[PDB]
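Here's the structure, in structure tokens; my notes come after.
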Amino acid sequence: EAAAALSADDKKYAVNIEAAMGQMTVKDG
Amino acid sequence: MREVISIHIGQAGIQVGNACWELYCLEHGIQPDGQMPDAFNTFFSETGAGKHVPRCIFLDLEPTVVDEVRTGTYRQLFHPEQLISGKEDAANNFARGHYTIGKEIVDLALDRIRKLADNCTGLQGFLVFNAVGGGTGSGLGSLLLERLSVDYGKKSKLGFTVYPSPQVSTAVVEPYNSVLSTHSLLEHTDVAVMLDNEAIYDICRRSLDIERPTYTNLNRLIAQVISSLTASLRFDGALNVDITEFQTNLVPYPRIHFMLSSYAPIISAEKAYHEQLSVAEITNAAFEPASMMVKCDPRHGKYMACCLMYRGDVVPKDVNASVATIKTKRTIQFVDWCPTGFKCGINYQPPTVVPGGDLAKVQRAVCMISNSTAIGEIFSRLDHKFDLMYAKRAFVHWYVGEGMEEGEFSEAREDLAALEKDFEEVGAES
Amino acid sequence: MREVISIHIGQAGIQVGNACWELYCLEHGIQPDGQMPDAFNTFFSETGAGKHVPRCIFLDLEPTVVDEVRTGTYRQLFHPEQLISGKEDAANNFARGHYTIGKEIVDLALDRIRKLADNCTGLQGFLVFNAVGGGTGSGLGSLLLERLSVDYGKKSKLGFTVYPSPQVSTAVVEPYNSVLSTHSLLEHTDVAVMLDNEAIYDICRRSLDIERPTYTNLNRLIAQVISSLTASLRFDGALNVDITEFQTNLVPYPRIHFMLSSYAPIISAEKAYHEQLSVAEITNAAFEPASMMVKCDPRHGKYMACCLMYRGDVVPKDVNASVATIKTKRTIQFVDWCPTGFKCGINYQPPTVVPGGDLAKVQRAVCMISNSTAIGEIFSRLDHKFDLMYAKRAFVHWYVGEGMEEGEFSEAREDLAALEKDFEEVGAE
Amino acid sequence: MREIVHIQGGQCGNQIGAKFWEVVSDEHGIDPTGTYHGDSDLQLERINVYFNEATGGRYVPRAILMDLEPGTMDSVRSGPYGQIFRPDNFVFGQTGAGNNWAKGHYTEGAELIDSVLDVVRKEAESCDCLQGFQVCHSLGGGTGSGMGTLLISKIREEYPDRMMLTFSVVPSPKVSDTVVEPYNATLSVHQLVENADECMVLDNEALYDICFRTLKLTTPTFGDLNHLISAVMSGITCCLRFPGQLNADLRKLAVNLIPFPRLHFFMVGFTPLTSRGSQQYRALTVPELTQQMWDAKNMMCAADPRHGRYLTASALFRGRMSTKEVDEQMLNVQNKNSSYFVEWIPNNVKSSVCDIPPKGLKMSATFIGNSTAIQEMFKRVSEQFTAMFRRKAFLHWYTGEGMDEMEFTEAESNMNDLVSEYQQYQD
Amino acid sequence: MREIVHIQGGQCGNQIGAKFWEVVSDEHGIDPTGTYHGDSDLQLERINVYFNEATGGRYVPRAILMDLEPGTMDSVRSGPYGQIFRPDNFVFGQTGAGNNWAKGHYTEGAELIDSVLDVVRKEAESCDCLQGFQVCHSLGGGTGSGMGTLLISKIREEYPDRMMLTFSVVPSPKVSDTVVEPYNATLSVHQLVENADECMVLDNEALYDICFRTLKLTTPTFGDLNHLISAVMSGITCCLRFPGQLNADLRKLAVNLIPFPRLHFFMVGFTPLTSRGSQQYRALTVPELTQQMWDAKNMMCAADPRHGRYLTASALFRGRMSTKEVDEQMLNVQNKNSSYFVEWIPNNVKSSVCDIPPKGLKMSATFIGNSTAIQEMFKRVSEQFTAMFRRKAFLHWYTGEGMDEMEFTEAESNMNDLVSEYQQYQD
Ligand SMILES: Nc1nc2c(ncn2[C@@H]2O[C@H](COP(=O)(O)OP(=O)(O)OP(=O)(O)O)[C@@H](O)[C@H]2O)c(=O)[nH]1
Ligand SMILES: Nc1nc2c(ncn2[C@@H]2O[C@H](COP(=O)(O)OP(=O)(O)OP(=O)(O)O)[C@@H](O)[C@H]2O)c(=O)[nH]1
Ligand SMILES: Nc1nc2c(ncn2[C@@H]2O[C@H](COP(=O)(O)OP(=O)(O)O)[C@@H](O)[C@H]2O)c(=O)[nH]1
Ligand SMILES: Nc1nc2c(ncn2[C@@H]2O[C@H](COP(=O)(O)OP(=O)(O)O)[C@@H](O)[C@H]2O)c(=O)[nH]1
Ligand SMILES: [Mg+2]
Ligand SMILES: [Mg+2]
């Protein structure tokens, strides 16, 4: 018991913003 | 001792008052913290040694805009408890601002007014800054206007309300809230000085030569008018025109009490070096329709009674020479029963310039505040929006839920219809 | 020379006593060691080579809170057995502190009081601090008030008492021990002044901008009320108001002596710079229910007899002008047959601010201790709780167990019914 | 001092809400660890609207995670920006709804909606002044539709004085993801109009159309689509979190968008979207956002806005703008093509300005439009349900849990009620 | 100068009373050897409540451990913190009752209760002022029930002006640890009503779901169960041994919580119960304490407080707290739901604040509830006792040692008296 104190590539965002939101590096076309 | 208290309700009210006390603290030389390094007595309370607090209250149902005053550049100047907040906004509803949630917050606003009036020796008038197009300004503003009328009875009250424009307006239920507010202003507000946003946008576009005007630029030069219409109390001149003079000279009838506005010298830094600004030239610019602060044509109506306050080095004679040239012009008109129509006020202190402001240092300034029958047109267009819209019972479910009744739109309709009957009748010759 | 013997009884007495003597040591400049680094004679006894000993007994049946003073910052200030402790406490039982466990400590309590009254030349009065809800404050507090009247008759017995709040209390037997001790308070205590805790909670959160106050924050401005009232004896003023002047001024009847309190300047340090200190609206703030020390609205009742005690640079003119305005204020109501309803006592010492205190240093101060008919609403709602509790005979077996009989419940209630009857017919026009 | 209750339900709602708090915590400046590091002091001032203060500078969102399968719950907590969530708010079942509205709403949702109502009331009573009840779920699924709409129905009785946003996706007309969606889609609408004060209609085919035609991304994943929703979902309450020259809460939008209680369906867009090929070629100005804001390509609804007539509108501008430029374009679009707008309402469009833009973006805005074009989305679902109910196909699952065909007739009757009232307003 | 004598009886008493002496020795700061090693000087202020000064600064507890079986004292001395007890207090037997109340009370107790009142009397007049006695025993067993309650009866005859705490554990509702539990429970209740000044009930399944659902541990052992039993008993006497703003001695816990002398049975609950994986998300504020303190799940008795109202409530706060928020939260819960409180006692809830918190934690509370919902714990045992007795089941073991069924009829007569009077005051 510790009641005294605690003491304890799937997402693929592919969207970045540089003065306008676009694509980081991956691909386009 | 002259003293005037000002109240600020609605998102228009605080943001106008942010620029109002920005110029007020600059005329008297006090630093923004609240120390001057007795014209300050009419706007500042001399608190102890070196500390001054403005004699105004800020109040808004929305807790947003109060915090940026509380965390802005005027955190130390204002009194920490004079700033009045709310749990939530009235949300463009006159029902919420007047009945449900403003009621729990109007009584905390009423007692601080009593704290302000008890501190001063002799109060002169009431200034209210609001917008009838929204919920908080129209709702709590009317709610306060009931309370101050019965408590501080028969005292002169002068109002500055930002009405909807016929073209530029930022709310759908905006014609509903203006109609419901006008049923309260006519029987209670003594003189209502009108305001409109895009007329001040237009006076920033063609005069100050800025193509990107914002709300900060409009409220900065509104404060120039407010200081000009209270410039007689602060500084000495030829003809002092106080708030007691302003009502009894300019409102002819109990239900005919609306008012225009003008401020003729509005000149940028580059434009000032070429304009020859004499009393005759600045008088002609104020009466022209392009320089007013509500978009109404005074040619369409007729002027009822006019009042002019001159600031700076104005000799008392070319002001009378300008009046004679004004009255001999056919393009300006007066109603037939008012032969004497001008009140002259001269003050000697020129308007100050805020640092970073687009207004340049001008040695002469005139503000033309006049009753007119052309204010029927800005009330006819706003009523024309309501009648076409109320025929389908649109947007009523927001209103009847929060304490209002369905029929209350009808008395507010005929009250404005009676006002339109008054404006058309009194402008008719006989 | 002038002298008052402050007597604190019970746990609530110690915490207001630890705060009062924290204020008395600053305003006279008494160091916690007990040595100065004229006016101290009324509150301290100069002995030996410049050593100052308080004229106060901290008697309580629980040996815990009194031992905190013995291990606190003020170890060298108070005389050791001048503080008095018992082996076991009453635990909010009236029968314990009055009959079975308090009777063996009263004989030690009056032994110290007799020696305290012997050293002082002229004892102007007694100051009583207790809580009716506590078993020591009710039980031991009553038997001390009984024996003090027998030994020292006709002397002033000024009392400040902590009544339970209507909304908030911390014992279900607080309605029991309140009116059971109140029966002893009518016949013996000369002047009783009420302090109510939840009213102080509103004062701290509305005015002192402390969102989360504690008892130490409550007792510091409770102590500020006490120092303002006794400030006339300590420091000379424009019109001094002694304690003997206080009883003859606000006791119209020997039963009607329960009076309220108020303290006007209540602002923080950051809020003091913006507020304008002037006895115009400082006096108007005292008559507001916000500064009211007991949670009862004064505009239901009528202010019967009022006393104003003023501190600092208050000129006598504008205080007499502010009295004229508040008399014309229809919101404040006075009884018709007492047209003179004010006492104007001004002292020339501004209050001393404690380090770490929530209150700001101010130049002017008002203490409005006033008899009123709206204080009977406190006794009525205290009585209304007693009808619900006594009808089902709850918590009685401890009261009848420890020597105390049962018939005094009818007798204690009969006295409180006599008070509420008196407060109604006298206040009537 | 206002705060918004975000509640997430279903497979669709949980993954979007993972992306929603991903960008908001980044916009407010708090790391995935849980420590505030926003360098701007204006962000830290209004933190209580979406974040509860915890010990050590820690913040936890005012959000719940509600689902019937532990798969979505495990997927949210595994990735980054999922550790910040409340462990107690991770309420979860073991059955799984499985695309049945009867299971989500009545049979297996009932025994575990009392547990989710326990943590909502726990979170609601802890905070000071409640503003709204914003829900992100699905209408064509089974977990977020059946349990969400019952939770929508249950929460309206507990707090009947609060606004509510429904970020609820709609099955696309062109493609489908569930075979038995229009049974579930129609039966969620019937329980929705009676209690939802407003609806934020979304779909997926518009997000694919936005991310391919405008962002020039041939392979968009759910990271791309849910980021655009997350950009919108922060933009609706933009005026609350930050100062602005003309603020607007949820009820400011609510009064300015619905003439009537039953016409509370919207279409939503997000204006500052540039491809990386045209990253340097678009001049970011107030004229340039609004020429894309009112474009039909940028809407996040299946409806074509030019077919329907706009009934109201709303604009949530963010950043440093001159309000004349804001007000001129809104008046310009009303007079350039008034045939696409209403004739019997003056000042159709509402506007607001927030003084703080989102991260990276200098200017941004969010369009909220109640139009008659949402009828085109309803009647596509309505014509599918009638053709599928006339023979009672796929109904033995639905009637097996106690839901009669009489409710199905009531759902279609209310489905026809919406398309009746929008259509003759457009005439 | 208030001294508390601790008495442990039987297998359950000697094992879980050891862990009560584990936490107090850990909180007062004494090592397993017996010397002081605390940080502050506050701990040494009141040591005399639980410990005796001896040679070399060693502190020996005021505890007598007593049972009929020798197996427990093999476990008691061998465990950690087991050396500190005096061996003269280690009085034991040789036979063992074996879950029989008759052997403990009459047959094999009679040669040993005379011995244990010699040991108690030696530590009685050794100290200055007896505040009273506390006992923690078992009711389902027999070596701590029959042998214990005879001691409880005998010390009230000798020392009638002192007070009794009985931290008695009752049989669990859904599971049973012993077959003959309903007999030994009801025969212990009949003796504990007129002899014990107050009683606090602990239930193992009430501990079981707490240690799993709220503490989020997969497999708590018995030591984890006894810790919350040990934690609550230290919260009983927190105001005695330490200073505070408002002090509640153990006589205050009796005179305030008990309206009538028969209605003295309580229920207990430990407030700050958060897991290791959920602590850092939670903000340690007194609103978070009061919501957990009044929760039904947090109580350590078999009763559910939504069934029956609280006649009187208490709270033993420990630490540096703002008493305004403490006062207004109890005011709020009295004003939020006045149905769940007994109406005819105004302001039912008592609060007292101890200025020092326990070790590690900084803000804690200990709820004491004289609720009328605990008659369900009486009634379920009472219906078990009637059903077992009506076939005279398991009776030849009891009546063979000196019992007759007259007491069993009398034991039921006080058992159903309690549930009748507890229900009477609820109405
Ligand atoms: N000239 C000027 N007008 C303003 C300013 N701020 C707001 N307004 C006007 O106020 C109108 C909105 O009405 P308000 O009453 O101020 O809105 P509100 O105070 O937030 O009240 P709610 O919308 O109900 O919360 C807008 O149409 C603006 O024209 C300002 O700073 N200057
Ligand atoms: N105003 C104020 N009241 C206090 C303070 N401390 C305790 N009290 C009050 O005292 C009441 C408790 O009764 P006490 O007088 O403290 O009890 P006691 O003196 O210990 O007497 P016994 O409990 O019988 O030992 C609480 O309800 C509080 O309202 C304090 O510091 N300030
Ligand atoms: N935008 C978006 N939509 C999603 C996501 N996950 C699922 N959906 C939508 O959810 C719909 C299917 O719903 P379903 O999985 O049955 O929801 P359920 O009831 O929770 O099981 C599909 O039309 C998807 O478009 C996501 O991560 N992002
Ligand atoms: N918490 C806890 N309870 C126990 C423990 N041992 C026994 N009990 C309880 O005591 C009852 C059985 O006790 P028992 O050993 O028969 O007592 P005894 O034989 O008379 O000393 C069961 O109902 C258990 O709930 C323990 O180690 N911890
Ligand atoms: Mg507003
Ligand atoms: Mg005590």
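Ordering of the structure tokens sets the chain letters (A, B, ...), residue numbers begin anew at 1 in every chain, and ligands are numbered from 1 in the order given.
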Shell of 9 Å around region 340-345 of chain C, only C-alpha atoms, local chain residues under 6 positions omitted, as a ChimeraX atom specification: /C:232,237-241,249,303-311,316,319-320,323,334
Can you tell me which residues surround residue 22 (chain A) at a distance of at most 10 Å, considering only C-alpha atoms, apart from same-chain residues fewer than 5 positions away, and format the answer as a short mmCIF file (atom, residue, chain, number, x, y, z; two decimals) with N, CA and C atoms, in the first residue's frame?
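Contents of out.cif, as written:
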```
data_model
loop_
_atom_site.label_atom_id
_atom_site.label_comp_id
_atom_site.auth_asym_id
_atom_site.auth_seq_id
_atom_site.Cartn_x
_atom_site.Cartn_y
_atom_site.Cartn_z
N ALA A 14 1.34 14.27 -40.54
CA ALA A 14 1.53 14.74 -41.91
C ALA A 14 1.01 16.16 -42.15
N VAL A 15 0.78 16.94 -41.10
CA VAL A 15 0.29 18.31 -41.23
C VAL A 15 1.10 19.21 -40.31
N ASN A 16 1.69 20.26 -40.87
CA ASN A 16 2.42 21.25 -40.09
C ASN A 16 2.03 22.65 -40.56
N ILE A 17 2.32 23.63 -39.72
CA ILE A 17 1.96 25.02 -39.96
C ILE A 17 3.23 25.85 -39.99
N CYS D 211 -8.73 17.62 -48.03
CA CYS D 211 -7.33 17.26 -47.90
C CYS D 211 -6.68 16.90 -49.23
N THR D 214 -7.58 20.75 -51.92
CA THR D 214 -7.02 22.01 -51.43
C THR D 214 -5.66 21.85 -50.77
N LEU D 215 -5.47 20.85 -49.92
CA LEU D 215 -4.17 20.62 -49.29
C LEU D 215 -3.20 19.87 -50.18
N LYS D 216 -3.67 19.29 -51.29
CA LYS D 216 -2.86 18.50 -52.23
C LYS D 216 -2.15 17.35 -51.52
N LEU D 217 -2.95 16.46 -50.94
CA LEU D 217 -2.45 15.28 -50.25
C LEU D 217 -3.18 14.06 -50.80
N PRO D 272 -8.14 28.94 -43.35
CA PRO D 272 -6.76 29.14 -43.85
C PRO D 272 -6.04 27.84 -44.18
N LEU D 273 -6.38 27.26 -45.33
CA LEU D 273 -5.84 25.98 -45.76
C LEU D 273 -5.06 26.17 -47.06
N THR D 274 -3.75 25.97 -47.00
CA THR D 274 -2.88 26.10 -48.16
C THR D 274 -2.09 24.82 -48.36
N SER D 275 -1.91 24.44 -49.62
CA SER D 275 -1.01 23.34 -49.93
C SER D 275 0.44 23.78 -49.75
N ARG D 276 1.34 22.80 -49.67
CA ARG D 276 2.75 23.14 -49.56
C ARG D 276 3.33 23.62 -50.88
N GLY D 277 2.72 23.24 -52.01
CA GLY D 277 3.15 23.80 -53.28
C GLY D 277 2.85 25.28 -53.39
N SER D 278 1.70 25.70 -52.86
CA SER D 278 1.30 27.10 -52.81
C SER D 278 1.52 27.71 -51.43
N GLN D 279 2.55 27.26 -50.72
CA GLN D 279 2.82 27.78 -49.38
C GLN D 279 3.28 29.22 -49.43
#
```
Close residues to ligand 1 using only C-alpha atoms and all ligand atoms, limit 7 Å, as a ChimeraX atom specification: /B:10-13,15-16,60,62,89-93,130-138,162,164,169-171,196-197,215-216,218-219 /D:245-248,252
Show me which residues line ligand 4, defined as having an atom within 8 Å of a ligand atom where only C-alpha atoms and all ligand atoms count, and present them as a VMD selection string. chain E and resid 9 to 13 15 to 16 67 to 69 97 to 100 137 to 146 169 to 172 176 to 178 181 203 to 204 222 to 223 225 to 226 229
For those residues, write N, CA and C atoms to a file as a compact mmCIF listing (two decimals), in the first residue's frame.
```txt
# COMPACT_ATOMS: atom_id res chain seq x y z
N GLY E 9 -7.77 -8.96 20.79
CA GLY E 9 -8.27 -10.27 21.13
C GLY E 9 -8.37 -11.22 19.95
N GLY E 10 -7.72 -12.38 20.07
CA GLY E 10 -7.89 -13.44 19.10
C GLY E 10 -6.95 -13.37 17.91
N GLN E 11 -7.24 -14.23 16.93
CA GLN E 11 -6.43 -14.30 15.73
C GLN E 11 -6.52 -13.02 14.91
N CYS E 12 -7.73 -12.50 14.73
CA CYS E 12 -7.90 -11.27 13.98
C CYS E 12 -7.37 -10.07 14.76
N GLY E 13 -7.61 -10.05 16.07
CA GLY E 13 -7.20 -8.91 16.87
C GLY E 13 -5.69 -8.75 16.96
N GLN E 15 -3.49 -9.77 14.89
CA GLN E 15 -2.84 -9.59 13.60
C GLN E 15 -3.10 -8.19 13.05
N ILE E 16 -4.34 -7.71 13.12
CA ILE E 16 -4.64 -6.39 12.59
C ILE E 16 -4.37 -5.29 13.62
N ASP E 67 -5.24 -13.99 23.84
CA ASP E 67 -5.99 -14.95 23.04
C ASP E 67 -5.85 -16.32 23.68
N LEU E 68 -6.56 -17.29 23.11
CA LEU E 68 -6.53 -18.66 23.58
C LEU E 68 -5.64 -19.57 22.74
N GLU E 69 -5.14 -19.09 21.60
CA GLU E 69 -4.32 -19.94 20.75
C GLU E 69 -2.90 -19.40 20.71
N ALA E 97 -10.19 -21.68 21.74
CA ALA E 97 -11.64 -21.83 21.68
C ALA E 97 -12.08 -22.43 20.35
N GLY E 98 -11.45 -22.02 19.26
CA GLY E 98 -11.82 -22.54 17.96
C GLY E 98 -13.19 -22.07 17.52
N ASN E 99 -13.31 -20.77 17.23
CA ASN E 99 -14.51 -20.08 16.75
C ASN E 99 -15.77 -20.36 17.57
N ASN E 100 -15.62 -20.67 18.86
CA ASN E 100 -16.74 -20.91 19.75
C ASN E 100 -16.80 -19.80 20.79
N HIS E 137 -11.31 -6.45 18.06
CA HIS E 137 -11.43 -7.90 18.10
C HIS E 137 -12.30 -8.35 16.94
N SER E 138 -12.70 -9.61 16.97
CA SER E 138 -13.52 -10.19 15.92
C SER E 138 -14.83 -10.69 16.50
N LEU E 139 -15.86 -10.67 15.66
CA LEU E 139 -17.18 -11.16 16.04
C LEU E 139 -17.52 -12.48 15.38
N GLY E 140 -16.94 -12.79 14.22
CA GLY E 140 -17.14 -14.09 13.61
C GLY E 140 -16.35 -15.20 14.25
N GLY E 141 -15.27 -14.87 14.95
CA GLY E 141 -14.46 -15.86 15.63
C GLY E 141 -14.94 -16.10 17.05
N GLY E 142 -14.15 -16.88 17.78
CA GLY E 142 -14.50 -17.20 19.15
C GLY E 142 -13.46 -16.91 20.20
N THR E 143 -12.18 -16.85 19.81
CA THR E 143 -11.14 -16.58 20.79
C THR E 143 -11.01 -15.10 21.11
N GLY E 144 -11.55 -14.23 20.26
CA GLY E 144 -11.56 -12.81 20.54
C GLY E 144 -12.95 -12.30 20.83
N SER E 145 -13.97 -13.11 20.51
CA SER E 145 -15.34 -12.71 20.80
C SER E 145 -15.73 -13.05 22.23
N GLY E 146 -15.76 -14.35 22.55
CA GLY E 146 -16.15 -14.76 23.89
C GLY E 146 -15.16 -14.36 24.95
N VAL E 169 -14.92 -6.38 13.94
CA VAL E 169 -15.17 -6.75 12.56
C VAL E 169 -16.32 -7.75 12.51
N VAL E 170 -17.25 -7.52 11.59
CA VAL E 170 -18.47 -8.33 11.48
C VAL E 170 -18.31 -9.29 10.32
N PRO E 171 -19.13 -10.34 10.22
CA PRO E 171 -19.12 -11.17 9.01
C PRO E 171 -19.47 -10.37 7.76
N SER E 172 -18.81 -10.73 6.66
CA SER E 172 -19.06 -10.09 5.38
C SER E 172 -20.45 -10.47 4.86
N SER E 176 -18.66 -15.64 3.60
CA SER E 176 -18.51 -15.96 5.02
C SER E 176 -17.16 -16.62 5.22
N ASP E 177 -16.44 -16.19 6.25
CA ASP E 177 -15.17 -16.81 6.55
C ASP E 177 -15.30 -17.99 7.51
N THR E 178 -16.37 -18.05 8.29
CA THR E 178 -16.60 -19.15 9.22
C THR E 178 -18.08 -19.51 9.20
N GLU E 181 -20.33 -18.14 12.23
CA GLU E 181 -20.33 -16.68 12.36
C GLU E 181 -21.63 -16.07 12.89
N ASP E 203 -15.92 -4.07 7.90
CA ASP E 203 -16.37 -5.21 7.11
C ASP E 203 -15.39 -5.48 5.98
N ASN E 204 -15.05 -6.76 5.79
CA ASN E 204 -13.94 -7.11 4.90
C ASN E 204 -14.29 -6.90 3.43
N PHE E 222 -3.94 -9.44 2.92
CA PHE E 222 -4.57 -9.05 4.18
C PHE E 222 -3.87 -7.84 4.79
N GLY E 223 -2.55 -7.72 4.60
CA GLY E 223 -1.85 -6.55 5.09
C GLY E 223 -2.34 -5.26 4.45
N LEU E 225 -5.46 -4.94 3.52
CA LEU E 225 -6.77 -4.76 4.15
C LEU E 225 -6.63 -4.14 5.53
N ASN E 226 -5.66 -4.61 6.31
CA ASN E 226 -5.48 -4.11 7.67
C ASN E 226 -4.92 -2.70 7.70
N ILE E 229 -7.72 -0.41 7.91
CA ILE E 229 -8.16 -0.61 9.28
C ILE E 229 -7.21 0.08 10.25
```
Pick out the chain E residues within 7 Å of chain C. Count only C-alpha atoms. Give them as an mmCIF file with N, CA and C atoms, in the first residue's frame.
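New file iface-v8.cif:
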```
data_model
loop_
_atom_site.group_PDB
_atom_site.id
_atom_site.type_symbol
_atom_site.label_atom_id
_atom_site.label_comp_id
_atom_site.auth_asym_id
_atom_site.auth_seq_id
_atom_site.Cartn_x
_atom_site.Cartn_y
_atom_site.Cartn_z
ATOM 1 N N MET E 1 -2.265 14.574 29.289
ATOM 2 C CA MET E 1 -2.191 13.493 30.261
ATOM 3 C C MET E 1 -3.406 12.579 30.150
ATOM 4 N N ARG E 2 -3.753 12.215 28.922
ATOM 5 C CA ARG E 2 -4.838 11.283 28.644
ATOM 6 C C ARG E 2 -4.236 10.012 28.066
ATOM 7 N N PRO E 243 -1.650 18.830 18.473
ATOM 8 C CA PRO E 243 -2.444 20.059 18.555
ATOM 9 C C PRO E 243 -3.291 20.257 17.308
ATOM 10 N N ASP E 249 -11.460 15.302 21.335
ATOM 11 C CA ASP E 249 -10.983 14.142 22.064
ATOM 12 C C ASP E 249 -11.929 12.969 21.826
ATOM 13 N N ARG E 251 -13.723 11.371 23.973
ATOM 14 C CA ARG E 251 -15.019 11.565 24.613
ATOM 15 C C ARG E 251 -15.933 12.433 23.762
ATOM 16 N N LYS E 252 -15.362 13.389 23.023
ATOM 17 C CA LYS E 252 -16.149 14.173 22.075
ATOM 18 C C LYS E 252 -16.721 13.279 20.983
ATOM 19 N N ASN E 256 -20.974 13.346 21.048
ATOM 20 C CA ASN E 256 -21.508 14.077 19.911
ATOM 21 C C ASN E 256 -22.188 13.167 18.900
ATOM 22 N N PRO E 259 -26.818 9.873 19.876
ATOM 23 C CA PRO E 259 -27.999 10.524 20.468
ATOM 24 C C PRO E 259 -28.561 9.777 21.664
ATOM 25 N N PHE E 260 -28.625 8.453 21.599
ATOM 26 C CA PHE E 260 -29.202 7.623 22.643
ATOM 27 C C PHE E 260 -28.248 6.490 22.978
ATOM 28 N N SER E 322 -7.806 25.423 5.384
ATOM 29 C CA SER E 322 -8.652 26.604 5.489
ATOM 30 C C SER E 322 -10.027 26.157 5.963
ATOM 31 N N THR E 323 -10.387 26.540 7.186
ATOM 32 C CA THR E 323 -11.608 26.037 7.798
ATOM 33 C C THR E 323 -12.876 26.629 7.200
ATOM 34 N N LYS E 324 -12.780 27.681 6.381
ATOM 35 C CA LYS E 324 -13.979 28.195 5.726
ATOM 36 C C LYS E 324 -14.476 27.231 4.657
ATOM 37 N N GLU E 325 -13.564 26.699 3.840
ATOM 38 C CA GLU E 325 -13.948 25.709 2.839
ATOM 39 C C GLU E 325 -14.367 24.396 3.484
ATOM 40 N N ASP E 327 -15.918 24.258 6.403
ATOM 41 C CA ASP E 327 -17.246 24.515 6.945
ATOM 42 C C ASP E 327 -18.300 24.588 5.848
ATOM 43 N N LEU E 331 -21.704 22.408 4.965
ATOM 44 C CA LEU E 331 -22.947 23.147 4.780
ATOM 45 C C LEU E 331 -23.579 22.828 3.431
ATOM 46 N N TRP E 344 -34.451 16.005 12.077
ATOM 47 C CA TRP E 344 -34.743 16.544 13.399
ATOM 48 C C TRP E 344 -33.503 16.792 14.253
ATOM 49 N N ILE E 345 -32.310 16.743 13.672
ATOM 50 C CA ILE E 345 -31.098 17.260 14.298
ATOM 51 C C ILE E 345 -30.485 18.279 13.340
ATOM 52 N N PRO E 346 -30.528 19.573 13.647
ATOM 53 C CA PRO E 346 -29.915 20.555 12.749
ATOM 54 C C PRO E 346 -28.399 20.533 12.859
ATOM 55 N N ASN E 347 -27.740 20.664 11.701
ATOM 56 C CA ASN E 347 -26.280 20.702 11.566
ATOM 57 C C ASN E 347 -25.641 19.432 12.142
ATOM 58 N N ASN E 348 -25.945 18.317 11.467
ATOM 59 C CA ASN E 348 -25.596 16.990 11.971
ATOM 60 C C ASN E 348 -24.092 16.749 12.013
ATOM 61 N N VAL E 349 -23.321 17.473 11.210
ATOM 62 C CA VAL E 349 -21.936 17.119 10.921
ATOM 63 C C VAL E 349 -21.010 17.877 11.863
ATOM 64 N N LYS E 350 -20.076 17.155 12.477
ATOM 65 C CA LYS E 350 -19.017 17.735 13.288
ATOM 66 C C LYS E 350 -17.703 17.711 12.521
ATOM 67 N N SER E 351 -16.935 18.790 12.655
ATOM 68 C CA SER E 351 -15.588 18.856 12.113
ATOM 69 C C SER E 351 -14.623 19.308 13.194
#
```
Counting only C-alpha atoms, which residues of chain D come no farther than 9 Å from chain E, as a ChimeraX atom specification? /D:52-56,58-60,84-88,122,126
